[PDB]
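# coords please:
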Amino acid sequence: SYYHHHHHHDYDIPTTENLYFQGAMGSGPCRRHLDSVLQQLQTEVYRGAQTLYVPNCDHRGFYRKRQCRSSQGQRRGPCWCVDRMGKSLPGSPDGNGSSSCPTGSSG
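Numbering: from 1, shown residues only. This is the structure:
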């Protein structure tokens, strides 16, 4: 943030809000898995490794809508929707509902 230097967030104080800087979500293990994989893997994965897939987590930190395999050359994933637990929904409305993804339950 540079538009206005009025950002406190983290300065140099070992506190709870400062310790919580790990961009976690609303009690969800997917964000922890995403930050760990996206911080280390997305850097050495996406550009040149193979076709590595990254989990998607909603503000509640769970794998809510997406799970996708990422190719190194083409932008195609392919991407696919999953339920709040992160299960790949092939075409099940009991899983591919607004709770996981907004719209797209072609099954």
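# residue boundaries of the strands in this structure?
For the chain, the strands defined by DSSP state E cover 53-55, 66-69, 79-81.
# The last one pairs with which strands?
It refers to strand 79-81. According to DSSP bridges, strand 79-81 has the following sheet partners: strand 66-69 (antiparallel).
# Outside of the strand it pairs with itself, list whatever touches it.
51-56, 77-82, 86, 88, 101 (CB atoms under 8 Å, 6 or more residues apart in numbering). In short, each C-beta sits where N, CA and C put it, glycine included.
# how about TSV for the strands of the chain, with distance to residue 1 and mean neighbour count added?
Below are these laid out as TSV (distance: least, CB to CB, whole Å; neighbours: other CB atoms under 10 Å):
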stretch	distance to residue 1	mean neighbour count
strand 53-55	26	18
strand 66-69	27	18
strand 79-81	30	18
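# Same list (the ones you listed) but as TSV, adding distance to residue 45.
TSV is the format used below for the strands of the chain (distance: least, CB to CB, whole Å):
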stretch	distance to residue 45
strand 53-55	8
strand 66-69	11
strand 79-81	16
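# Could you find the closest non-adjacent residue to residue 67?
Spatial nearest neighbour of residue 67, chain neighbours left out: residue 82 (4.4 Å); criterion: CB to CB, 6 or more residues apart in numbering.
# doesn't residue 57 make contact with the one you found?
No - when contacts are counted by CB atoms under 8 Å, residue 82 is not listed as touching residue 57 (10.4 Å).
# Phi first, then psi, for the residue nearest to residue 47 when sequence neighbours are not counted.
Once flanking residues are discounted, residue 47 sits nearest to residue 72: 6.3 Å by CB to CB, 6+ apart. The phi and psi values for residue 72, taken as degrees, to the nearest 10, are phi -90, psi -30.
# Residue 72: neighbouring residues, count only.
12 (other CB atoms under 10 Å).
# so how far is residue 46 from it?
Counting by CB to CB, to the nearest Å, the gap from residue 72 to residue 46 is 7 Å.
# OK, contacts around the residue nearest to residue 67?
Residues counted as contacts of residue 82 (CB under 8 Å, 6+ apart) are 56, 63, 64, 65, 66, 67, 88, 89, 95, 100.
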